[PDB]
Amino acid sequence: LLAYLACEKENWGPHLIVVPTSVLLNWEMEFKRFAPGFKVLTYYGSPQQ
DNA sequence: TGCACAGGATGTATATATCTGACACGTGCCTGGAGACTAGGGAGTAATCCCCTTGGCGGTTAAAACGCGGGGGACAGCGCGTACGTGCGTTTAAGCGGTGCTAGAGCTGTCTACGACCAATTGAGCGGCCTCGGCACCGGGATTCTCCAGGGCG
């Protein structure tokens, strides 16, 4: 769906996903596996990183 | 002539009468001791409600805890000299005995403002409420600010 929004319309935008702490990496690895053309960040190191 | 003595001519602690100071005892007028009436302030109870707990699993984070390098600052050793410690003689001035005063300190009537005590009104101040503009927190970016490596210089 997120990849369909890029081809169908011109809307990209910053998105947000809320994932449990265990599956946090599976969405990044899944974003490199599936649909490489997206720019994805992650969240670690609350006080500093 | 050189010498010991008997008595006067001065000291000196010794014993006696004498001068303050403080403890001890005998009063009578402003205190306490006590008796009765009023009453409102204190002891006692009936809900109450309201925030404050009970007990312990896990997941995760921010804060607490440990560990080593070493850099600089606490700290011991030691020499110097001038700044007070110590000891004299010389002076200015307080302690103290005594004096003449006064002007302010100190106890007592008058009344008179004038504040203590008590009804009537209310309005300005307190419980309740519900908003929004100032406030909380952080990005963007410029600015300063300290840390480290030559090198030109000793």
# chains A, B, ... in the order shown; residues from 1 in each chain; ligands from 1
>>> interface_residues(of="chain B", to="chain A", cutoff="12 Å", atoms="only C-alpha atoms (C1' of nucleotides)", output="mmCIF file with C-alpha atoms (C1' of nucleotides), in the first residue's frame")
data_model
loop_
_atom_site.group_PDB
_atom_site.id
_atom_site.type_symbol
_atom_site.label_atom_id
_atom_site.label_comp_id
_atom_site.auth_asym_id
_atom_site.auth_seq_id
_atom_site.Cartn_x
_atom_site.Cartn_y
_atom_site.Cartn_z
ATOM 1 C "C1'" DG B 59 9.306 -4.958 29.648
ATOM 2 C "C1'" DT B 60 11.964 -1.060 29.116
ATOM 3 C "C1'" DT B 61 14.373 3.028 30.064
ATOM 4 C "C1'" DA B 62 17.269 6.535 32.606
ATOM 5 C "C1'" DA B 63 19.803 6.821 36.390
#
>>> atom_distance(atom1="CA of residue 42 in chain A", atom2="CA of residue 9 in chain A")
25.4 Å
>>> atom_distance(atom1="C1' of residue 28 in chain B", atom2="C1' of residue 109 in chain B")
25.8 Å
>>> select_by_dssp(residues="chain A", states="alpha helix (DSSP H)", output="list in words")
residues 2, 3, 4, 5, 6, 7, 8, 24, 25, 26, 27, 28, 29, 30, 31, 32 and 33 of chain A
>>> write_last_selection(atoms="N, CA and C atoms", output="CSV table (one decimal), in the first residue's frame")
chain,number,residue,atom,x,y,z
A,2,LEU,N,1.9,1.3,0.9
A,2,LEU,CA,2.8,2.4,0.9
A,2,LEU,C,3.5,2.6,-0.4
A,3,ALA,N,3.9,1.5,-1.1
A,3,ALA,CA,4.5,1.6,-2.4
A,3,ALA,C,3.5,2.0,-3.5
A,4,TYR,N,2.2,1.6,-3.2
A,4,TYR,CA,1.2,2.0,-4.2
A,4,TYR,C,0.9,3.5,-4.1
A,5,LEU,N,1.0,4.1,-3.0
A,5,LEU,CA,0.7,5.5,-2.8
A,5,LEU,C,1.8,6.4,-3.6
A,6,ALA,N,2.9,5.8,-3.9
A,6,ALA,CA,4.0,6.5,-4.6
A,6,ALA,C,3.7,6.5,-6.1
A,7,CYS,N,3.3,5.4,-6.6
A,7,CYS,CA,3.0,5.3,-8.0
A,7,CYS,C,1.6,5.9,-8.4
A,8,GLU,N,0.6,5.7,-7.6
A,8,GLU,CA,-0.7,6.1,-8.0
A,8,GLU,C,-0.8,7.6,-7.9
A,24,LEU,N,11.0,-4.7,15.7
A,24,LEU,CA,11.5,-3.4,15.2
A,24,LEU,C,12.5,-3.6,14.0
A,25,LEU,N,13.4,-4.6,14.1
A,25,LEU,CA,14.3,-4.8,13.0
A,25,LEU,C,13.7,-5.5,11.8
A,26,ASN,N,12.7,-6.3,12.0
A,26,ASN,CA,12.1,-7.0,10.9
A,26,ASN,C,11.4,-6.1,9.9
A,27,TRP,N,11.0,-4.9,10.3
A,27,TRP,CA,10.4,-4.0,9.4
A,27,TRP,C,11.5,-3.2,8.5
A,28,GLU,N,12.6,-3.0,9.1
A,28,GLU,CA,13.7,-2.4,8.4
A,28,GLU,C,14.3,-3.4,7.4
A,29,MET,N,14.7,-4.6,7.9
A,29,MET,CA,15.1,-5.7,7.0
A,29,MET,C,14.1,-6.0,5.9
A,30,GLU,N,12.8,-5.9,6.3
A,30,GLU,CA,11.7,-6.2,5.3
A,30,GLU,C,11.6,-5.0,4.3
A,31,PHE,N,12.0,-3.8,4.7
A,31,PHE,CA,12.0,-2.6,3.9
A,31,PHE,C,13.2,-2.6,2.9
A,32,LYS,N,14.3,-3.3,3.3
A,32,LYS,CA,15.3,-3.5,2.3
A,32,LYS,C,15.0,-4.7,1.4
A,33,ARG,N,14.5,-5.7,1.9
A,33,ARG,CA,14.0,-6.9,1.1
A,33,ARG,C,13.0,-6.4,0.1
